[PDB]
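See structure below.
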Amino acid sequence: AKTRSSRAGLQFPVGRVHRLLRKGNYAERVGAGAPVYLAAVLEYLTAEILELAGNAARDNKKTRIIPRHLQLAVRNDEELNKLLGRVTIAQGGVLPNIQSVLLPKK
Amino acid sequence: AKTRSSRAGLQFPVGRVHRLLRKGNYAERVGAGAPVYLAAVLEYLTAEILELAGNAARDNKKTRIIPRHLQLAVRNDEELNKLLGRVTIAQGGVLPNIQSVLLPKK
Amino acid sequence: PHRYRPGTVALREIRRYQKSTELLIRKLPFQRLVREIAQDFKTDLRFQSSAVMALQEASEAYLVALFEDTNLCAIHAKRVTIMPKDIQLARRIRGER
Amino acid sequence: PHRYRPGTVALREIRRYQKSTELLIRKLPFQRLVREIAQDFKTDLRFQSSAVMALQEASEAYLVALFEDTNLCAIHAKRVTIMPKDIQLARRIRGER
Amino acid sequence: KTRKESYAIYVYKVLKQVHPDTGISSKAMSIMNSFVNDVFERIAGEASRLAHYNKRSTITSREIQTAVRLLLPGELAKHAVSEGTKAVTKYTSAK
Amino acid sequence: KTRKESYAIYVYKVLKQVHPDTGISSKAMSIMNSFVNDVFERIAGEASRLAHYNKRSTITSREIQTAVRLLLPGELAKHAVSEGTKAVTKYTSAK
Amino acid sequence: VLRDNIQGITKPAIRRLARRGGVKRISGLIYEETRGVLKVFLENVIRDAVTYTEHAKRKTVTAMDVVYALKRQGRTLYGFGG
Amino acid sequence: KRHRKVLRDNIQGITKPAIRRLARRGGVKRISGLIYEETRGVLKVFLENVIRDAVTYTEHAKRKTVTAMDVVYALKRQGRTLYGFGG
DNA sequence: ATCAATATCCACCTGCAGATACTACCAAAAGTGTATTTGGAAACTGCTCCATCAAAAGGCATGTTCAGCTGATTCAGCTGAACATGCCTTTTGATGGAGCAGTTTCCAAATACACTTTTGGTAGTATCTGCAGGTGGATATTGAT
DNA sequence: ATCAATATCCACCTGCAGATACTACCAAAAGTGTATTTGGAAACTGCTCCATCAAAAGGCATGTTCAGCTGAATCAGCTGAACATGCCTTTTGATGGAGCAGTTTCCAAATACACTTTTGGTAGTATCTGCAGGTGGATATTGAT
Ligand SMILES: [Mg+2]
């Protein structure tokens, strides 16, 4: 028996996404490609953020991604930042930013 | 036969509200009283807004509620205004208000 | 010869347009903008008459509400002239930027 | 006797805190206020430690974000000192009023 | 040809109870209806969510009430609950 | 001793694909898990509404698709769709 | 007498909006800034509406396509159905 | 239970230094002396709203304990979504 | 202060756009009845994790000093409001046809069900490893002079 | 610019919390295969209602003038940052026990169909009137003197 994930070529669980779409009461019926597509997107987005988070972890000379690196990944990325525009990442901090007028001399 | 709406003493259709609650994919099951309660809540609110826009039409020497009246009614009431805080009433205009630092000096 | 002071008509207009509810952009020039914008999204579209209306109602409402905040911003900086920075400050705080 | 000019430790502090992620309000004091407010809503309530911790991460995030908005409002008024009017202007535009 | 349901006749009935000599323009009724649909969708939305969070398969009048308390402002929330309970009490105590 | 489901094994899998020498704090994972949960509810939601508006009792991958184009910004939408299309296509043929 | 479509949102129109908004004095640069703003609003709203149109396999953007888009941008509107 | 101490004026636990740090993380260079009271005020409103909603979730679940998931749902309800403290 | 130009208010008038009442219908709710399926309160008990307290660790309050920021004052000059109308762009209504919407239809794909395999969580005991926070010790940044 | 007070920056460094490892099992997933229902695409089609345009409408682009507003410049007062000083309060690690949550037994209530009745929505018809405009004539506001 071959799992539906591997069928669709995904690491993310197509089975589980199918199952959660049912109990979730979104519609009467859930099509066969619905969870495959959804799993594929879900897998994509998490790959996209971990690629970026990983970098912030490397830039910081660390081996483990912590929430700061997640926050740094999202916030420094236009399209991710908008997506998580109304989302707060616990223990993530803020991007370094000081307004110009506050810097000394002239 | 007697209507569930007359049984509850309501104008708002309990049967319809029950119907729409089922086909709304909100949960697996709809309890018997839930549509009764909900119909009451919706009715009450309908009455509250027609009351105030009723007065809003009266204040303006009128007998027919137009959108303007409903807008005067909502934005002039602190609680209704908060509930509809992110809703736009088409053809409703705005409340007469000028910032007092823009007024001509007397 | 007779002339009103600057800001006197402005006030008269403020009082006027806050009394009325009629839309303040001319339908046609708006409708074309709507269509022109949609053409980038899909070619050979058609628009329901009420749909352009819905879009107008919303755009105008939005903009009028934006001017309010813009004006509170101009006043904050101790001015009475709404400037592009006021619109920009209003928008950034709203989250839009 | 050596002293730093006003504003130099301040920017030192900003560099420091924008770097770190640790919570800035003391745990227990924040725990008490949570409990005092919740009590006023309902008696004999208990708090999972991570509930309080959720509420602090939430609030600090909210307050920090608000200070940026506030700080932008000050600079708009051609100042560098945030004032209650700046908070107030930020919150009104935000639609928190 | 196809049926297009509305709350209009029920909104209108309520208008007559509240202001017997006052009418409503078409457009104002279309806003009234929109409003009723809106609030229904919100309260059912919350009632739906409550049920899930508590692993319950039924949306009961208890859910609708807690939903009302989470969506409506103070005095508006209070009065709604009283009207919501009142209607559920009358309906039950009638053969 | 009830079982709590999460995407943690899957996230990690994909983490090793992108950075095979990089680990993840159980807290970052805790967030990474909320992110997938959040984005699930959001796409499912739009799909849910999308179907209703079209008198459709079924969410096909097509609804997931418009749901994705509605939800995600610009280039994220463009790439997600491709991967969704790609995975559904590679699924259709593989039985 | 060729003229840009966005320029069809004339100065007197933008001024009346400003007026209803209770604006007394308007910097000249506002009218171009505002036109830019209106463009961003519409793109954002239209994009989503048209996305509803395409899903329905239609060539006519219907008021519901707009109303729904408006609701999902968080700009709920009453008076056109829904 | 034998004696549970009275809670009052805990808002003053949100010290001047703590508020300052927050403002520094916000990128604030200069702070008018009236801010700290005003911030406290604003924080009080914030908590009250999230807690009212959280407690409501608690009471609907017929619990005496305010769960992390109670707060997380109150936060998403008011559009202040939080990752990192549960589902 | 008066004075005249004109904006603004209000009482009265009325055709007609938009509201409303009136009829016969029919598909489609909503209700009534009986057979069935189940969801969640209840009562009980494991056991996680919360309140609470004691020691031990560190940021808080407070007074003083004065740096430089804010806010007032003044002032010049630039810049946006006011003005009048025929020019041209929009609004209004008339009429072709695009396409949306209603109808019938049939099958590819939805659900249901039922044994059969897989596997993702945990649980109990284990070892591995990234990094926090201590150390000193070499390299800025800042502000007095 | 130069000297000195101190923040800042690495870089290695040893403890250990938190992460990683695997071994055992196991309930609940996910799989597979087959019998059974149907959602919606498809295809045809009628009739809105939408793009278009001709004539009717009436708003705005224009360019001159200067009222008054913005922004620069100047400076007096005093507020808020910096810092030193003296210790209170929080943090952190540890132990009985409330209430949450895991499991099981049991029924009031909710779902599934069918059949009986009704209600709301349309439609085609004429039936009705509130109030938007127009008017006239008094009065208030504004700006000039
Ligand atoms: Mg109290």
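We name chains A, B, ... following the order of the structure tokens; residues begin at 1 in each chain, and ligands are numbered from 1 as shown.
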
Exercise for review: Could you please select, counting only C-alpha atoms, the residues of chain G within 8 Å of chain B and state them as a list in words?
Suggested key: residues 20, 22, 24, 74, 75, 76, 77, 78 and 79 of chain G

Output the coordinates of chain B after least-squares fitting to chain A on all in-order C-alpha pairs, as a compact mmCIF listing (two decimals) with N, CA, C and O atoms, in the first residue's frame.
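Contents of selection_31.txt, freshly written:
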```txt
# COMPACT_ATOMS: atom_id res chain seq x y z
N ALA B 1 0.12 -1.41 -0.07
CA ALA B 1 -0.40 -0.06 0.31
C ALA B 1 0.63 1.05 0.10
O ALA B 1 1.82 0.85 0.37
N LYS B 2 0.18 2.20 -0.37
CA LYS B 2 1.04 3.38 -0.54
C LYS B 2 0.31 4.67 -0.14
O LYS B 2 -0.85 4.89 -0.52
N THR B 3 1.00 5.50 0.64
CA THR B 3 0.42 6.74 1.18
C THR B 3 0.15 7.77 0.09
O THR B 3 0.96 7.95 -0.83
N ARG B 4 -1.00 8.44 0.20
CA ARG B 4 -1.40 9.52 -0.72
C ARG B 4 -0.40 10.68 -0.71
O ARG B 4 -0.29 11.42 -1.70
N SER B 5 0.33 10.84 0.40
CA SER B 5 1.35 11.86 0.54
C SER B 5 2.59 11.55 -0.29
O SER B 5 3.19 12.45 -0.87
N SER B 6 2.96 10.28 -0.35
CA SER B 6 4.07 9.84 -1.19
C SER B 6 3.65 9.85 -2.66
O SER B 6 4.47 10.11 -3.54
N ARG B 7 2.37 9.56 -2.91
CA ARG B 7 1.79 9.60 -4.26
C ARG B 7 1.86 11.01 -4.85
O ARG B 7 2.18 11.18 -6.03
N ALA B 8 1.56 12.00 -4.03
CA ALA B 8 1.63 13.41 -4.44
C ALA B 8 3.06 13.94 -4.41
O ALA B 8 3.37 14.96 -5.03
N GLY B 9 3.93 13.24 -3.68
CA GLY B 9 5.33 13.62 -3.53
C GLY B 9 5.51 14.60 -2.39
O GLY B 9 6.47 15.37 -2.39
N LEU B 10 4.60 14.56 -1.42
CA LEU B 10 4.55 15.53 -0.33
C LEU B 10 4.99 14.94 1.01
O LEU B 10 4.89 13.73 1.23
N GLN B 11 5.48 15.81 1.89
CA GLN B 11 5.80 15.45 3.27
C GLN B 11 4.58 15.63 4.16
O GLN B 11 4.46 14.97 5.19
N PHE B 12 3.69 16.53 3.76
CA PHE B 12 2.52 16.87 4.56
C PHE B 12 1.39 15.89 4.31
O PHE B 12 1.01 15.67 3.16
N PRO B 13 0.84 15.31 5.39
CA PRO B 13 -0.10 14.19 5.36
C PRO B 13 -1.42 14.49 4.66
O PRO B 13 -2.30 15.12 5.25
N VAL B 14 -1.54 14.03 3.41
CA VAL B 14 -2.77 14.22 2.62
C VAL B 14 -3.98 13.58 3.31
O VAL B 14 -5.06 14.18 3.35
N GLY B 15 -3.78 12.38 3.85
CA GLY B 15 -4.83 11.67 4.58
C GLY B 15 -5.38 12.45 5.76
O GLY B 15 -6.60 12.53 5.93
N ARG B 16 -4.47 13.02 6.56
CA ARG B 16 -4.85 13.83 7.70
C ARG B 16 -5.58 15.08 7.24
O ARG B 16 -6.63 15.43 7.78
N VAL B 17 -5.02 15.75 6.24
CA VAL B 17 -5.61 16.97 5.70
C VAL B 17 -7.01 16.67 5.15
O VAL B 17 -7.92 17.49 5.31
N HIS B 18 -7.19 15.50 4.53
CA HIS B 18 -8.50 15.07 4.06
C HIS B 18 -9.43 14.89 5.24
O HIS B 18 -10.55 15.40 5.25
N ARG B 19 -8.95 14.15 6.24
CA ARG B 19 -9.69 13.90 7.47
C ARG B 19 -10.19 15.21 8.07
O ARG B 19 -11.40 15.40 8.25
N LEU B 20 -9.26 16.13 8.32
CA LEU B 20 -9.57 17.39 8.99
C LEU B 20 -10.51 18.28 8.18
O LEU B 20 -11.28 19.05 8.74
N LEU B 21 -10.46 18.14 6.85
CA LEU B 21 -11.36 18.86 5.94
C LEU B 21 -12.81 18.41 6.05
O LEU B 21 -13.73 19.20 5.85
N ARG B 22 -13.01 17.12 6.34
CA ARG B 22 -14.35 16.55 6.48
C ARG B 22 -14.98 16.96 7.79
O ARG B 22 -16.09 17.49 7.83
N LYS B 23 -14.25 16.71 8.88
CA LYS B 23 -14.77 16.95 10.21
C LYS B 23 -14.77 18.44 10.55
O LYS B 23 -15.19 18.85 11.63
N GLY B 24 -14.31 19.25 9.59
CA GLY B 24 -14.22 20.69 9.76
C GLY B 24 -15.49 21.48 9.45
O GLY B 24 -15.49 22.70 9.56
N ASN B 25 -16.56 20.78 9.07
CA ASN B 25 -17.85 21.41 8.76
C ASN B 25 -17.76 22.53 7.73
O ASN B 25 -18.46 23.53 7.82
N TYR B 26 -16.88 22.35 6.74
CA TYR B 26 -16.67 23.38 5.74
C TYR B 26 -17.67 23.27 4.58
O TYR B 26 -18.23 24.28 4.13
N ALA B 27 -17.91 22.04 4.11
CA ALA B 27 -19.02 21.75 3.20
C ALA B 27 -19.52 20.33 3.44
O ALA B 27 -18.96 19.60 4.26
N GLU B 28 -20.58 19.93 2.72
CA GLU B 28 -21.12 18.57 2.82
C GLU B 28 -20.10 17.53 2.35
O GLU B 28 -20.02 16.45 2.92
N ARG B 29 -19.33 17.88 1.32
CA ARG B 29 -18.48 16.92 0.61
C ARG B 29 -17.06 17.41 0.35
O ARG B 29 -16.85 18.57 0.02
N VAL B 30 -16.09 16.51 0.48
CA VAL B 30 -14.69 16.83 0.19
C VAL B 30 -14.21 16.08 -1.05
O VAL B 30 -14.20 14.85 -1.07
N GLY B 31 -13.82 16.83 -2.08
CA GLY B 31 -13.27 16.27 -3.32
C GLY B 31 -11.93 15.61 -3.10
O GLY B 31 -11.22 15.94 -2.15
N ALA B 32 -11.57 14.67 -3.97
CA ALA B 32 -10.39 13.82 -3.78
C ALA B 32 -9.06 14.56 -3.86
O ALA B 32 -8.11 14.21 -3.16
N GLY B 33 -9.00 15.58 -4.71
CA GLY B 33 -7.76 16.32 -4.93
C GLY B 33 -7.55 17.46 -3.95
O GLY B 33 -6.41 17.85 -3.68
N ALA B 34 -8.65 17.99 -3.43
CA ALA B 34 -8.60 19.16 -2.54
C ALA B 34 -7.57 19.01 -1.41
O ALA B 34 -6.76 19.92 -1.22
N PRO B 35 -7.57 17.88 -0.67
CA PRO B 35 -6.58 17.77 0.40
C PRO B 35 -5.15 17.67 -0.13
O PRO B 35 -4.22 18.08 0.56
N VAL B 36 -5.00 17.15 -1.34
CA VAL B 36 -3.69 17.04 -2.00
C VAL B 36 -3.14 18.45 -2.28
O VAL B 36 -2.00 18.77 -1.93
N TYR B 37 -3.98 19.27 -2.91
CA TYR B 37 -3.67 20.65 -3.22
C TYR B 37 -3.31 21.41 -1.95
O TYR B 37 -2.25 22.04 -1.86
N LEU B 38 -4.22 21.35 -0.98
CA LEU B 38 -4.09 22.05 0.29
C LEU B 38 -2.83 21.63 1.03
O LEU B 38 -2.12 22.49 1.56
N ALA B 39 -2.55 20.33 1.07
CA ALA B 39 -1.33 19.83 1.70
C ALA B 39 -0.09 20.43 1.05
O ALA B 39 0.87 20.78 1.73
N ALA B 40 -0.13 20.56 -0.28
CA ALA B 40 0.97 21.12 -1.05
C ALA B 40 1.20 22.58 -0.69
O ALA B 40 2.33 23.01 -0.45
N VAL B 41 0.10 23.33 -0.67
CA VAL B 41 0.11 24.75 -0.32
C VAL B 41 0.72 24.95 1.07
O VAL B 41 1.62 25.77 1.24
N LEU B 42 0.22 24.19 2.04
CA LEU B 42 0.72 24.26 3.41
C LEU B 42 2.20 23.86 3.49
O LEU B 42 2.97 24.51 4.20
N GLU B 43 2.58 22.82 2.75
CA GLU B 43 3.96 22.35 2.75
C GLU B 43 4.87 23.42 2.19
O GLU B 43 5.84 23.83 2.84
N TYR B 44 4.56 23.86 0.97
CA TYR B 44 5.31 24.93 0.33
C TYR B 44 5.60 26.07 1.30
O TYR B 44 6.76 26.45 1.49
N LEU B 45 4.55 26.61 1.91
CA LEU B 45 4.66 27.72 2.84
C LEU B 45 5.58 27.38 4.00
O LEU B 45 6.43 28.19 4.38
N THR B 46 5.44 26.17 4.55
CA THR B 46 6.30 25.72 5.64
C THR B 46 7.76 25.78 5.20
O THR B 46 8.63 26.20 5.96
N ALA B 47 8.01 25.36 3.96
CA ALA B 47 9.36 25.37 3.40
C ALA B 47 9.89 26.79 3.22
O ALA B 47 11.02 27.09 3.59
N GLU B 48 9.05 27.67 2.67
CA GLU B 48 9.41 29.07 2.47
C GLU B 48 9.90 29.74 3.75
O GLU B 48 10.94 30.39 3.75
N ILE B 49 9.15 29.56 4.84
CA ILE B 49 9.46 30.17 6.15
C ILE B 49 10.67 29.53 6.85
O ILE B 49 11.44 30.23 7.50
N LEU B 50 10.82 28.22 6.72
CA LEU B 50 11.98 27.53 7.28
C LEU B 50 13.26 27.88 6.50
O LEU B 50 14.34 27.99 7.09
N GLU B 51 13.12 28.06 5.19
CA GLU B 51 14.20 28.54 4.35
C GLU B 51 14.77 29.86 4.88
O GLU B 51 15.95 29.95 5.20
N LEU B 52 13.90 30.86 5.01
CA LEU B 52 14.32 32.21 5.38
C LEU B 52 14.78 32.32 6.82
O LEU B 52 15.71 33.07 7.12
N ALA B 53 14.14 31.57 7.72
CA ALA B 53 14.57 31.52 9.11
C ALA B 53 15.82 30.65 9.24
O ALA B 53 16.58 30.80 10.19
N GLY B 54 16.00 29.74 8.29
CA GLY B 54 17.23 28.96 8.18
C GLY B 54 18.40 29.90 7.93
O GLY B 54 19.42 29.84 8.63
N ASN B 55 18.25 30.76 6.93
CA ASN B 55 19.23 31.80 6.64
C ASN B 55 19.37 32.78 7.80
O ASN B 55 20.47 33.22 8.11
N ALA B 56 18.25 33.10 8.45
CA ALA B 56 18.23 34.02 9.58
C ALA B 56 19.01 33.47 10.77
O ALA B 56 19.60 34.23 11.54
N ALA B 57 19.02 32.15 10.92
CA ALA B 57 19.82 31.50 11.94
C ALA B 57 21.29 31.52 11.53
O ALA B 57 22.16 31.79 12.35
N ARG B 58 21.55 31.25 10.25
CA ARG B 58 22.90 31.26 9.70
C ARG B 58 23.56 32.64 9.88
O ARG B 58 24.66 32.73 10.41
N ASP B 59 22.85 33.69 9.47
CA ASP B 59 23.34 35.07 9.60
C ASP B 59 23.78 35.37 11.01
O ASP B 59 24.71 36.14 11.21
N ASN B 60 23.11 34.77 11.98
CA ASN B 60 23.38 35.01 13.40
C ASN B 60 24.29 33.94 14.00
O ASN B 60 24.27 33.71 15.22
N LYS B 61 25.08 33.30 13.14
CA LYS B 61 26.06 32.27 13.51
C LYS B 61 25.42 31.11 14.26
O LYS B 61 25.99 30.63 15.24
N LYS B 62 24.25 30.66 13.82
CA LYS B 62 23.53 29.61 14.56
C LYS B 62 23.07 28.42 13.72
O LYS B 62 23.15 28.43 12.49
N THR B 63 22.61 27.38 14.41
CA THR B 63 22.25 26.12 13.76
C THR B 63 20.86 25.63 14.18
O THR B 63 20.31 24.71 13.57
N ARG B 64 20.31 26.24 15.23
CA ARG B 64 18.97 25.92 15.72
C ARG B 64 18.04 27.11 15.49
O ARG B 64 18.36 28.23 15.89
N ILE B 65 16.91 26.87 14.85
CA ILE B 65 15.92 27.93 14.69
C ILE B 65 15.21 28.15 16.02
O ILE B 65 14.57 27.24 16.55
N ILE B 66 15.38 29.35 16.58
CA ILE B 66 14.55 29.82 17.69
C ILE B 66 13.45 30.76 17.14
O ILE B 66 13.52 31.17 15.97
N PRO B 67 12.44 31.09 17.98
CA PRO B 67 11.43 32.03 17.54
C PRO B 67 11.99 33.30 16.92
O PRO B 67 11.50 33.74 15.88
N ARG B 68 13.03 33.89 17.52
CA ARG B 68 13.59 35.10 16.95
C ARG B 68 13.83 34.95 15.46
O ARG B 68 13.41 35.80 14.69
N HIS B 69 14.47 33.86 15.07
CA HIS B 69 14.79 33.64 13.66
C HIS B 69 13.54 33.69 12.76
O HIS B 69 13.54 34.37 11.73
N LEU B 70 12.48 33.00 13.18
CA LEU B 70 11.23 33.01 12.42
C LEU B 70 10.67 34.42 12.31
O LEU B 70 10.09 34.77 11.29
N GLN B 71 10.85 35.23 13.35
CA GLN B 71 10.41 36.63 13.33
C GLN B 71 11.23 37.49 12.37
O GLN B 71 10.68 38.26 11.58
N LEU B 72 12.55 37.36 12.42
CA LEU B 72 13.40 38.02 11.43
C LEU B 72 13.00 37.64 10.00
O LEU B 72 12.99 38.48 9.11
N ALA B 73 12.67 36.36 9.80
CA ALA B 73 12.34 35.83 8.48
C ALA B 73 11.04 36.40 7.92
O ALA B 73 10.96 36.71 6.73
N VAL B 74 10.04 36.52 8.78
CA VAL B 74 8.72 36.97 8.36
C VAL B 74 8.69 38.47 8.14
O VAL B 74 8.31 38.92 7.06
N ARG B 75 9.11 39.24 9.14
CA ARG B 75 9.02 40.70 9.09
C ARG B 75 9.98 41.33 8.08
O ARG B 75 9.77 42.46 7.63
N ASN B 76 11.03 40.60 7.71
CA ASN B 76 11.98 41.08 6.70
C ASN B 76 11.58 40.74 5.28
O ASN B 76 12.21 41.20 4.32
N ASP B 77 10.54 39.93 5.14
CA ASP B 77 10.02 39.58 3.82
C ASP B 77 8.66 40.22 3.63
O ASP B 77 7.73 39.98 4.40
N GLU B 78 8.55 41.02 2.58
CA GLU B 78 7.36 41.84 2.33
C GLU B 78 6.06 41.04 2.22
O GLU B 78 5.02 41.49 2.69
N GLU B 79 6.13 39.86 1.60
CA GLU B 79 4.93 39.05 1.39
C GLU B 79 4.53 38.22 2.60
O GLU B 79 3.36 38.19 2.98
N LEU B 80 5.51 37.57 3.23
CA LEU B 80 5.29 36.84 4.48
C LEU B 80 4.80 37.76 5.60
O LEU B 80 3.95 37.38 6.40
N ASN B 81 5.35 38.98 5.63
CA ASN B 81 4.95 39.97 6.60
C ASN B 81 3.50 40.42 6.42
O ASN B 81 2.81 40.72 7.40
N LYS B 82 3.04 40.46 5.17
CA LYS B 82 1.66 40.85 4.90
C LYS B 82 0.71 39.74 5.27
O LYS B 82 -0.37 40.00 5.81
N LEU B 83 1.10 38.50 5.00
CA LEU B 83 0.28 37.34 5.32
C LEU B 83 0.11 37.22 6.84
O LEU B 83 -0.99 36.95 7.33
N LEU B 84 1.20 37.44 7.56
CA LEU B 84 1.19 37.38 9.01
C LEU B 84 1.10 38.79 9.61
O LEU B 84 1.63 39.05 10.68
N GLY B 85 0.40 39.67 8.91
CA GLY B 85 0.30 41.08 9.28
C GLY B 85 -0.43 41.35 10.57
O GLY B 85 -0.25 42.39 11.20
N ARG B 86 -1.27 40.40 10.98
CA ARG B 86 -2.03 40.52 12.22
C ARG B 86 -1.80 39.33 13.17
O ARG B 86 -2.66 38.98 13.98
N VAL B 87 -0.61 38.74 13.06
CA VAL B 87 -0.19 37.63 13.91
C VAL B 87 1.03 38.03 14.74
O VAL B 87 1.94 38.69 14.23
N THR B 88 1.03 37.61 16.01
CA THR B 88 2.18 37.82 16.89
C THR B 88 2.95 36.53 17.12
O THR B 88 2.39 35.56 17.63
N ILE B 89 4.22 36.52 16.74
CA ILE B 89 5.11 35.39 17.04
C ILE B 89 5.65 35.56 18.46
O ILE B 89 6.40 36.51 18.74
N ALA B 90 5.27 34.65 19.36
CA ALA B 90 5.72 34.72 20.74
C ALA B 90 7.24 34.64 20.79
O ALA B 90 7.86 33.87 20.04
N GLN B 91 7.84 35.47 21.65
CA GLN B 91 9.29 35.54 21.83
C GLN B 91 10.05 35.82 20.52
O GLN B 91 11.05 35.15 20.21
N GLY B 92 9.59 36.82 19.78
CA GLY B 92 10.16 37.14 18.48
C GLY B 92 10.81 38.50 18.39
O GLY B 92 11.55 38.78 17.46
N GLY B 93 10.52 39.36 19.36
CA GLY B 93 11.04 40.72 19.38
C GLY B 93 10.63 41.52 18.16
O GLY B 93 9.61 41.23 17.53
N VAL B 94 11.44 42.52 17.82
CA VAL B 94 11.17 43.41 16.70
C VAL B 94 12.42 43.61 15.84
O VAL B 94 13.53 43.30 16.28
N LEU B 95 12.25 44.12 14.62
CA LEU B 95 13.38 44.41 13.74
C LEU B 95 14.14 45.64 14.22
O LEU B 95 13.52 46.65 14.59
N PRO B 96 15.48 45.57 14.23
CA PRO B 96 16.26 46.74 14.59
C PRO B 96 15.92 47.90 13.66
O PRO B 96 16.21 47.84 12.46
N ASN B 97 15.27 48.92 14.23
CA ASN B 97 14.91 50.14 13.51
C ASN B 97 14.78 51.34 14.43
O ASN B 97 14.05 51.30 15.42
N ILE B 98 15.50 52.41 14.10
CA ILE B 98 15.43 53.70 14.79
C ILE B 98 15.11 54.78 13.77
O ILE B 98 15.75 54.86 12.72
N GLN B 99 14.11 55.61 14.08
CA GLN B 99 13.72 56.74 13.22
C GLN B 99 14.86 57.75 13.06
O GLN B 99 15.42 58.21 14.05
N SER B 100 15.19 58.08 11.82
CA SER B 100 16.42 58.83 11.50
C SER B 100 16.47 60.27 12.04
O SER B 100 17.51 60.92 11.99
N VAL B 101 15.34 60.75 12.54
CA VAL B 101 15.26 62.07 13.16
C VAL B 101 15.57 61.99 14.66
O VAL B 101 15.57 62.99 15.37
N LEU B 102 15.83 60.77 15.14
CA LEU B 102 16.20 60.54 16.54
C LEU B 102 17.70 60.27 16.68
O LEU B 102 18.23 60.20 17.80
N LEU B 103 18.38 60.11 15.55
CA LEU B 103 19.82 59.86 15.51
C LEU B 103 20.61 61.09 15.95
O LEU B 103 20.23 62.22 15.62
N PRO B 104 21.71 60.88 16.70
CA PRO B 104 22.54 62.00 17.16
C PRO B 104 23.21 62.69 15.97
O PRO B 104 23.68 62.01 15.04
N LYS B 105 23.23 64.02 16.00
CA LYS B 105 23.71 64.81 14.87
C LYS B 105 25.24 64.77 14.73
O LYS B 105 25.97 64.94 15.70
N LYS B 106 25.70 64.51 13.50
CA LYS B 106 27.10 64.20 13.23
C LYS B 106 27.90 65.42 12.78
O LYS B 106 28.62 66.03 13.57
```

Exercise for review: Check every protein, DNA and RNA residue against ligand 1, keep those with an atom at most 10 Å away (counting only C-alpha atoms (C1' of nucleotides) and all ligand atoms), and present them as a VMD selection string.
Suggested key: (chain D and resid 33 35 to 43) or (chain H and resid 6 to 10)

Review point. Once you count only C-alpha atoms, which residues of chain F turn out to be within 7 Å of chain H? Could you give them as a VMD selection string?
Key: chain F and resid 27 30 to 31 34

Exercise for review: List the neighbours of residue 67 (chain H) out to 7 Å using only C-alpha atoms (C1' of nucleotides); skip same-chain residues closer than 3 positions along the sequence, and give me the result as a list in words.
Suggested key: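 Skipping anything fewer than 3 positions along the chain leaves residues 47, 48 and 51 of chain D; 70 and 71 of chain H.
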
Check your understanding: So how many Å separate CA of residue 69 (chain G) and CA of residue 41 (chain G), to one decimal?
Key ->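 Interatomic distance here is 11.6 Å.
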
Point to revise | Test item: residues at most 12 Å from residue 16 (chain H), only C-alpha atoms (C1' of nucleotides), excluding those fewer than 5 positions along its chain, as a PyMOL selection string | key: (chain D and resi 24-26) or (chain H and resi 11+21-23+31-40) or (chain I and resi 60-61)

Review point. Please, which residues of chain J lie no more than 12 Å from chain A when the count uses only C-alpha atoms (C1' of nucleotides), and can they be set out as a PyMOL selection string?
Key: chain J and resi 18-19+29-32+38-39

Review point. In chain E, what's helix (DSSP H, G or I) per DSSP? Answer as an MDAnalysis selection string?
Key: chainID E and resid 8:18 26:53 61:71 74:92

Quick one: contact table of chain D to chain I, 12 Å max, nearest atom pair and distance in Å to one decimal per residue, counting only C-alpha atoms (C1' of nucleotides), chain and number order, as a tab-separated table?
```
residue	atom	partner	partner_atom	distance
D:1	CA	I:144	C1'	10.0
D:2	CA	I:144	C1'	8.3
D:3	CA	I:143	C1'	8.2
D:4	CA	I:143	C1'	7.4
D:5	CA	I:67	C1'	7.2
D:6	CA	I:67	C1'	6.5
D:7	CA	I:68	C1'	9.7
D:8	CA	I:142	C1'	8.8
D:9	CA	I:142	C1'	10.6
D:12	CA	I:141	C1'	11.0
D:24	CA	I:59	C1'	11.7
D:25	CA	I:59	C1'	11.4
D:26	CA	I:59	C1'	9.5
D:44	CA	I:51	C1'	11.8
D:45	CA	I:50	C1'	11.2
D:46	CA	I:50	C1'	7.7
D:47	CA	I:50	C1'	7.7
D:48	CA	I:50	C1'	7.1
D:49	CA	I:50	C1'	8.1
D:50	CA	I:49	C1'	11.2
D:51	CA	I:50	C1'	12.0
D:77	CA	I:70	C1'	11.2
D:78	CA	I:70	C1'	10.3
D:79	CA	I:70	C1'	8.2
D:80	CA	I:69	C1'	8.5
D:81	CA	I:69	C1'	8.3
D:82	CA	I:70	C1'	11.7
D:83	CA	I:70	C1'	11.5
```
